[PDB]
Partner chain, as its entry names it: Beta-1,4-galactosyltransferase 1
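Below you will find one chain, with nothing else, as structure tokens; this is the form solved without the partner chain, and questions on how it binds or moves follow later.
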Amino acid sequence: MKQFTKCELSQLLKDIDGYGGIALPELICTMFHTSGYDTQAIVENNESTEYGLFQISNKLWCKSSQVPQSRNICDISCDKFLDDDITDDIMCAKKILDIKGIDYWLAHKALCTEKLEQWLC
């Protein structure tokens, strides 16, 4: 259920290259192994769930019925991360990068800090 090509995502996110010292291919890499470019991706964990192209968690970042105690850092309902517009998802991902850095994503150190030429367009 890929909803983007690696190339279209690289073009849409072109100005996020360098953001907090992030290389763009590093990020695209991270997004692919995270969500498979599926804007509707839902990953269910123990106490919580991660949503969308960026797999943003309801534990901290958005408001959801599942975690009423969430601080909702991005000030947004998690449902917004399952629509076809990734603009709000990108806003939140940047807030994550501003705080916690690219290591929020467990795919980044696992696969995206080494051998990245396949993520170029």
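Here the rigid core means the biggest group of C-alpha atoms that line up within 1.5 Å when the two forms are laid on top of each other. Positions refer to the first chain, counted from 1.
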Relative to this form, superposed by the core, which stretch has the greater CA RMS in 4 other deposited structures of this protein: 17 to 25 or 104 to 112? 104 to 112
Determine, for 32 to 40 and 74 to 82, which one has C-alphas that on average lie farther from this form in 4 other deposited structures of this protein; superpose on the rigid core first. 32 to 40
Averaging the C-alpha temperature factors as deposited, the higher value of 26 to 34 versus 47 to 55 falls on 26 to 34
Between the two ranges 74 to 82 and 37 to 45, the one averaging a larger CA B factor in the entry: 37 to 45
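The discussion below concerns the form deposited with the partner chain bound, not included here.
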May I ask you to state whether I99 is within 4.5 Å of the partner chain in the deposited bound form, using heavy atom distances? no
Answer with yes or no whether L9 is in contact with the partner chain in the deposited bound form, where contact means some heavy atom within 4.5 Å. no
Is it the case that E26, even though its partner is missing from this view, gets within 4.5 Å of the partner chain in the deposited bound form, heavy atoms only? no
Partner proximity in the deposited bound form: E44 to the partner chain, non-hydrogen atom cutoff 4.5 Å: yes
Any residue of 98 to 114 that, in the deposited bound form, places a heavy atom within 4.5 Å of the partner chain: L106, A107, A110, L111
